[PDB]
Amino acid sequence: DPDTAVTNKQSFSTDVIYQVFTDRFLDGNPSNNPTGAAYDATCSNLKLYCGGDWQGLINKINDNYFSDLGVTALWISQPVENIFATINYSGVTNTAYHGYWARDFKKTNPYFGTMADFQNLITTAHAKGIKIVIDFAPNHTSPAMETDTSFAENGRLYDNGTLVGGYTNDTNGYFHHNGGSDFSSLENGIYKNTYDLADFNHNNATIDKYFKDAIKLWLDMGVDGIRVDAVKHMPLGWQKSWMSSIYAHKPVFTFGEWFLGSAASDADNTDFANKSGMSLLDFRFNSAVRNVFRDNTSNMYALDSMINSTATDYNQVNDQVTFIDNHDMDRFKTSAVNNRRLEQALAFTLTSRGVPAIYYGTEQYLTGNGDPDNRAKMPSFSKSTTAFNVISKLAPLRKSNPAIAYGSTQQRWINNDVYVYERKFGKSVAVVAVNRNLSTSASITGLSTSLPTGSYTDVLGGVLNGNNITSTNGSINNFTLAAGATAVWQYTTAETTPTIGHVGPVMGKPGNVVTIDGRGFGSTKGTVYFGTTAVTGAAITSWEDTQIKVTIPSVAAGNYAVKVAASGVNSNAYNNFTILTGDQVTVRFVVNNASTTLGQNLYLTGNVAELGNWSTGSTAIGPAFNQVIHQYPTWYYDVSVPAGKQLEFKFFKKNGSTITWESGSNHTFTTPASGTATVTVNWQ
């Protein structure tokens, strides 16, 4: 199967996501709508249910709405059964229409459909060539008041019906009872509740087990991806472990939400994208795009910085999910914001690097500021807007031109209002030109590109005042970029020499299968290389010009580059491939009376790659935590370690450039065969 087929659940660079709020989209079956109290046919009051079910989506896939639009994967609301309670916050009734108030992750939401309607969604969606990504929020259940079982459902969790436990009288400790998080530090936010939400304690083997089993269920149904909610509030140590159990079963493209406010680099968010085993939702990109196009609080140089910076901070910038707006922010379209600016932010987004995502109704210039006005009902299904055109003309390019899916980025011309970037992959090229100034045109002169000699037509057909150009060895003739224009020029040619574009997942135990998508491979099963180690024959399950499928060799856990050899020809390397020692389990390391000075931080390292291999660098584990679960001088950290394995390790303080190890002999610990465990030691 081609890299671009609908069966490629490990890569989305060729796709375009359509994030839909199931409820707010289309009531396709009124028999499932709730009774009275928490239902609104007029869908006037936005906090209550409105209808929108899975059938409506099926109705819309079938009647070709998404096909003429060009989106190739829909990202729906958390499918699990939510709480039926009606919560009343300061006078106003609130319901679980958003899907985030999980109750029992093992069943379907009756208001959205049944297991059978759910299969239908898959089968139908896959038939029309559309992947299904689903939201999943394992950080919590639902709102709950510790001292009041009457308040909502008291975060009660069920296992396919059987009541596991509530928030009050939570003896087994399936949740944290450390009060409300005030978001002052990263750890304050992982171990304390987020809003009034019952926070799960993933160090409880029962919970750890529950979730690994729950997600299995949804994967076995055929979902093509997962959008993990609030990844910023769960331990990376546990999520990594969770993530490897997923990649060991049925690997799908997983990306999580690490909510950021600005476009600036962020240490933690970057360690997460690189070390977790998943990619994030690109909030830095969203700020840039919004500042330049919507808000007008920055210029084009801010875009170029964000492009250059994010490529440097993320091991795979291509796995980040971009978007101009979403359900947790003001809708891009507003009274001041001109229709053309939205159309440009859309063009820019669709042609930029990473997996693009489009919040529903953007193609209809839908507005609404704040939650819940941003989550209004789909006002119409007209396939007539200009925005609809832009999406339907550019979106297919991800599937046709590899420079748009896999390509690198590079500025070719710029000033405060105009940006001209090139996207290239091997011989395939894509130039994009944008003039956000809506009143003054621009005289672009002296512009190089990698478009071979020829005459180029604006792929957009000029819907956005774009023009056609002429190359003479990349040298582009002088031309006037129209006011508010944006044009796209391209060139594409069947690649002959091998070249990798994307690998996924990019983590896993030897024995798993990873997908090496690319071009110019060949029809004859050649040789995959994890660094210096060769792979051939049976180990390679599939081999085509566009996509190889290989079995991770059984070699020393660690970072590795990935090369492919097409008949004596070595390709470019895909760096940062993490190979795990094998099945993972989360483990909480605790250390007593580890006094430290001002600015001095604790870290952890051991005798396996998962711990860094006696490293004190970035492969090390830390800094540790010393506030919520355990208090300073006692530190602690949740880490993903190999299962059933004798381990050695020491802690060390790293204030400035200097290191100081705990003395004596290494601490030892043999990990469980599955689950989680807490290990405590004293600072030697």
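Note that residue numbering follows the sequence shown and begins at 1.
**Q** Going by the mean C-alpha B-factor recorded in the entry, which is higher: 235-243 or 597-605?
**A** The entry gives the higher C-alpha B-factor average to 597-605.
**Q** When the C-alpha temperature factors are averaged for each of 205-213 and 472-480, which stretch ends up with the higher value in the entry?
**A** The deposited B-factors put 472-480 ahead on the C-alpha mean.
**Q** Highest Cα B-factor in the PDB entry belongs to which of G622, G70, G656, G52?
**A** The C-alpha B-factor peaks, among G622, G70, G656, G52, at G656.
**Q** Looking at the C-alpha B-factor values in the deposited entry, which of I130, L219, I516, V434 comes out highest?
**A** Highest C-alpha B-factor among the listed options: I516.
**Q** Per the entry's values, where does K393 land by CA temperature factor relative to the rest of its chain, in the lowest, middle or highest third?
**A** For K393, whose C-alpha B-factor we compare with every modelled residue in the chain, the answer is the middle third.
**Q** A41: which third of its chain by C-alpha temperature factor?
**A** Within its chain, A41 is a highest-third residue by C-alpha B-factor, going by the deposited values.
**Q** Among the modelled residues of its chain, does the C-alpha B-factor of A430 lie in the lowest, middle or highest third?
**A** Highest third - that is where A430 ends up once the chain's C-alpha B-factors are sorted.
**Q** Considering every modelled residue of the chain and its Cα B-factor in the PDB entry, is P452 in the lowest, middle or highest third?
**A** According to the entry, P452 has a C-alpha B-factor in the chain's highest third.
**Q** When the modelled residues of the chain are sorted by Cα temperature factor, does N626 land in the lowest, middle or highest third?
**A** Ranked within chain, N626 CA B lands in the lowest tercile.
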